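With ideal geometry, Cβ positions are generated from the backbone for all residues, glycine too; neighbour counts draw on all protein chains shown. What follows is calculated from the coordinates using simple rules that are stated; it is not laboratory data.
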Amino acid sequence: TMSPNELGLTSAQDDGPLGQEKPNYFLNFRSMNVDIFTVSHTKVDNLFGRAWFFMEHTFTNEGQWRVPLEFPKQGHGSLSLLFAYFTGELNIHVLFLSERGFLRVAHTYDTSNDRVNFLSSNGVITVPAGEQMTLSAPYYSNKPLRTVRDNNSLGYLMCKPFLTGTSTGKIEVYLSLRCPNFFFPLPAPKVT
Amino acid sequence: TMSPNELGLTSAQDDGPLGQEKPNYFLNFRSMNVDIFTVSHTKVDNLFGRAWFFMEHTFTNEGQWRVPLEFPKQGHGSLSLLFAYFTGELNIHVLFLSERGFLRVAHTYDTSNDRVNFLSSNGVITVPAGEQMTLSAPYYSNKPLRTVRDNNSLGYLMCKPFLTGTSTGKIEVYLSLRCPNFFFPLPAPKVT
Amino acid sequence: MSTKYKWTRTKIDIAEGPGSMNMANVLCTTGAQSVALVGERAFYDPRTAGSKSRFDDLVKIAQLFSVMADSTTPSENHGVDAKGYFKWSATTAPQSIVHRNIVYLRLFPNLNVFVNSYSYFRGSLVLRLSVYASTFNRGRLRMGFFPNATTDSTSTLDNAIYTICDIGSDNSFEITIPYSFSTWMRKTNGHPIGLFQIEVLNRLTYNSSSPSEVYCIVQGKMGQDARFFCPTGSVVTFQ
Amino acid sequence: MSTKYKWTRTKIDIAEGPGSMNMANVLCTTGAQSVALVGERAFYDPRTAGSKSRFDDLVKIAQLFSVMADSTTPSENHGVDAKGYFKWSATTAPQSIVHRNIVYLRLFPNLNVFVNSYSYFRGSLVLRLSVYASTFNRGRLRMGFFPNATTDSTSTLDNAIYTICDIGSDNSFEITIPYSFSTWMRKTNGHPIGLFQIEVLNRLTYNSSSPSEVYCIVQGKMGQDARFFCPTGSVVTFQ
Amino acid sequence: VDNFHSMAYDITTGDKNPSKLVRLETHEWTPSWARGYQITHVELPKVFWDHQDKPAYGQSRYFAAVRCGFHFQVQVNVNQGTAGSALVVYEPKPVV
RNA sequence: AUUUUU
RNA sequence: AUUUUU
RNA sequence: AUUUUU
RNA sequence: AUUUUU
């Protein structure tokens, strides 16, 4: 039968270990699980499998664009802030808004700003002018886990546009992740 | 058991033949092979299977672009300088930055500059303006092996753009190789 | 032999959208190209995180208690505010209110995150009142809840979902609120969850060496049947 | 029969990127089109190279000894420099230093190449000291190594990974340094490998017809468990 | 091995000694401290080598790398007449 | 309506 | 007319 | 030349 | 790592 513990009478100091799926009941009530969709939208793989805006860059020259990729404190991706460590594939969505040209895109977890000066083997995919691509950067990190908060939690993204004439433009970037491994959930964030 | 030879005590004059995978140990130690990725990044096929910038050409007329392809002393491709001879498929990545036109591309190991004046059967693939293609040139060399260092170690590349109006532009070229056969490793290169 | 027809490559019609980038369906993103040297995968290391496995479902986080409208100081208005941190005092009449307010999911740290992520949800909500008194203090307190109620006013809880709390060794009583809405799925940020009221049933008793008033904490989490559905834009920015 | 529907070509949706050229994944480049007359392959000839097979793995090259910071002249600072070419002298006290310096992968010709190619790596490193003395010279020399050490200063090697070298017929002693970093993979060009010190244990003895000081050479290579991982940009230009 | 055990202890005593339980901190709960106020902290893991009088201080000095697990026991005693509650929580570097 | 092709 | 490829 | 992948 | 989908 039902114990008084499952009827509401408990002790907060006896909750450890963390993660106790204890059932709560009372007459005329029982946990009822009803599904509306064929699958879950709470699963990490599904939720995060959907991109979210990151930032935009307006180029004028053929200079390079180096930016510390990090988890959002803004979109639905904020749900990541509930975790401390991450590891797995990273999907980067880049939109190359230009009349005539090409956009070199690369990604690395390497902090050194000189290993990027060349782009030899940092994944120089080419998005023709007015096009957009979605490259999935592997976990080529030198650290087993990525603190989820760091201003560079995610590796740096590089964008060296190869323009042809006076043409200029802007590169909007949004991103998601493929199968994410989050660990050791931390306390909920505050609001600004 | 372990011999004193495998404990550090050896003789440098007894290393030949070249290539001795001798194990080195001491108490509380043993060669531990731990893998982080599902495959090797040291294998010649994999490493070199990734392109690297070569050079860029700015065209104004419909002239032809002849250039001696060679191994890089600059990118990750430099690892080739550790070898003396090469042979195998050659992947050439060409980006045709032009408003309106077509780019004829061809490749040959033939040194004669007249067998190229026409482009009859030298592989005249067509990249429409603002496009980019990756052609894999076969080992159509008259020499069984290509000294890896030669200013023309790799065969010459031809680019005769077919423009329509006053339009002009630039052709950026980068390259990699498909399955490379390297032989007789030579001493490491110096720095500039 | 099929030599009555000149061999040719397959011809196919290309559907609407030339380079349309779908950033909504996961089945689309996971299939994106790989910039990996050989398009492979890496071996993850949970141990360094002290875990034996990654975290797959987020709902479990929504099922973790968090203080409601937590503050540094207890309710200075006899608990008539949203502060889930107030005081149970001996003075308070046997029917006076120690705390009353309208409950919203955003009033909870953990939940407020999902509120800013998902658009809808469903399931029961659990609130746990923890009164921290001494071993000498004794008394009862009835906390009820009127689902989807909006009028923030003290009212008899005889017809509301209530729980009577008798002080003892386990001074952390709970209360469950079954999903209740006109729909199969309700807004994560819209109509209140209901009216939450904790009235005094029996004055907190004490003695010469025990406190005449104690502190209380109200936590909130989702039930085992909790679910969230559509992810929507954000209504606030975290830090 | 399926004559209830007008036969048509297959319709398909084209993913993001119209002519996106992936120059990162090998699985992508190897599938590129062929300008070959019949898209075929050639028969390679290893014999002309004197080999029976091509070279498939590069790690094996990283496992080939190379002199550390090689120079034309021996260390003119009693070996306190990076020169892997110094002198072992009878004068040097029984505890004085014959060579000390911080070791980096770039200090080795062969390795420095991988340093300019790959971004990270792991595995043990092997250093082989070759002292070239006559058959009459005798003495001992202890060379230790403090992993990831950065302070270039002489220090007792009693707690460091050391190897005592007693001069005999095989005058080329080695020393292995197991992978040691806070990560499962470390920068090929970043934090030092450690402090390398070769102190005198017993003064190099000699006689009327033997040298009072000899030459030494320090080589370095990767262990059998050596690995390199991410290829990165270049930090230097070769010739 | 001394067959007479003139030292009655486990042979591996000295080895395990550094893992021994020790007093890491002891601060006084100053009354009139609002909720959320931090009573006391503790530098993990360097606190186990807090002073040269720590069992683990010895070895800790000859090694630069460490990988270990912890077992804390925060003790707070208060007479029955009094009441209150404290939050003992572990905060990884990310949280800190 | 092998009224896509065998 | 293995006169796409085996 | 499982010198595309197993 | 059915850590694309069953």
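Residues checked against (1) at the interface with another protein chain (Cβ under 7 Å from one of its Cβ atoms); (2) under 24 Å from B:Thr108 (Cβ atoms):
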site	(1), (2)
B:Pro23	yes, no
B:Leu27	no, no
B:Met32	yes, no
B:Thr42	yes, no
B:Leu47	yes, no
B:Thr58	no, yes
B:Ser80	no, yes
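Scanning segment C:212-239 for residues that are facing another protein chain (nearest Cβ under 7 Å) and hydroxyl-bearing (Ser, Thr, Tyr) yields a total of 2. Filtered by the rule that a residue be part of a loop (DSSP other than H, G, I, E, B) and among the charged types (D, E, K, R), segment C:71-102 gives C:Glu76, C:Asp81, C:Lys83. Among the residues making up segment D:1-54, a single one is within 16 Å of RNA strand I (Cβ to nearest atom) and either exposed (fewer than 10 other Cβ atoms within 10 Å of the Cβ) or more than 7 Å from every other protein chain (Cβ to nearest Cβ) (or both): D:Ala15. Taking C:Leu58, is it within 22 Å of the chain's Cα centre (by Cα) and either surrounded by fewer than 17 Cβ atoms within 10 Å (Cβ to Cβ) or at the interface with chain A (Cβ under 8 Å from one of its Cβ atoms) (or both)? So C:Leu58 passes the test. Under the condition of being assigned to a loop (DSSP other than H, G, I, E, B), among the polar types (S, T, N, Q) and either buried (at least 18 other Cβ atoms within 10 Å of the Cβ) or more than 10 Å from every other protein chain (Cβ to nearest Cβ) (or both), the residues counted in segment D:157-211 number 7. Before we move on, is C:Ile61 within 30 Å of A:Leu145 (Cα to Cα), in contact (Cβ under 8 Å) with a residue 12 or more places away in the chain and out of contact with any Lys or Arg (no Cβ under 8 Å at 6 or more places or on another chain)? In short, yes. For segment C:103-138, a residue qualifies if it is over 10 Å from the mean Cα position of the chain (by Cα), part of a strand (DSSP E or B) and more than 16 Å from C:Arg186 (Cβ to Cβ), and the qualifying residues are C:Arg128, C:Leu129, C:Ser130, C:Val131, C:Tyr132, C:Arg138. Filter segment C:35-65 down to the residues that are within 30 Å of A:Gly130 (Cβ to Cβ), out of contact with any helix residue (DSSP H, G or I) (no Cβ under 8 Å at 6 or more places or on another chain) and either within 16 Å of RNA strand H (Cβ to nearest atom) or of a type in the set (S, T, N, Q) (or both) and list them by number. C:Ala36, the sole residue that qualifies.
Residues that are in contact with a helix residue (DSSP H, G or I) (Cβ under 8 Å, 6 or more places away or on another chain) and facing another protein chain (nearest Cβ under 9 Å) do occur in segment B:141-162, at least one of them. One residue stands out in segment C:1-35 among those that are farther than 21 Å from A:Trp52 by Cβ and outside any loop (DSSP other than H, G, I, E, B): the one that is farthest from RNA strand F (Cβ to nearest atom), namely C:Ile14. Does C:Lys60 count as within 16 Å of RNA strand I (Cβ to nearest atom), among the charged types (D, E, K, R) and outside any loop (DSSP other than H, G, I, E, B)? So C:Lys60 fits the description; yes. Listed by position, the strands (runs of 3 or more DSSP E) enclosed by segment A:26-136 that each have at least 3 residues that are touching a residue at least 60 places away in the same chain (Cβ under 8 Å), within 24 Å of the chain's Cα centre (by Cα) and surrounded by 23 or more Cβ atoms within 10 Å (Cβ to Cβ) are A:90-97. For A:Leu18, the conditions (1) closer than 25 Å to A:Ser153 by Cβ; (2) more than 9 Å from chain C (Cβ to nearest Cβ); (3) over 15 Å from the mean Cα position of the chain (by Cα) all hold with the exception of (2). For D:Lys87, the requirement of being in contact with an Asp or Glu (Cβ under 7 Å, 6 or more places away or on another chain) and of a type in the set (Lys, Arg) is met.
Taking the conditions exactly as written (touching a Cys at 6+ places or on another chain (Cβ under 8 Å), away from RNA strand I (no atom under 16 Å from the Cβ) and more than 26 Å from A:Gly123 (Cβ to Cβ)), does D:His78 satisfy them or not? Judged against the criteria, D:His78 is not a match.
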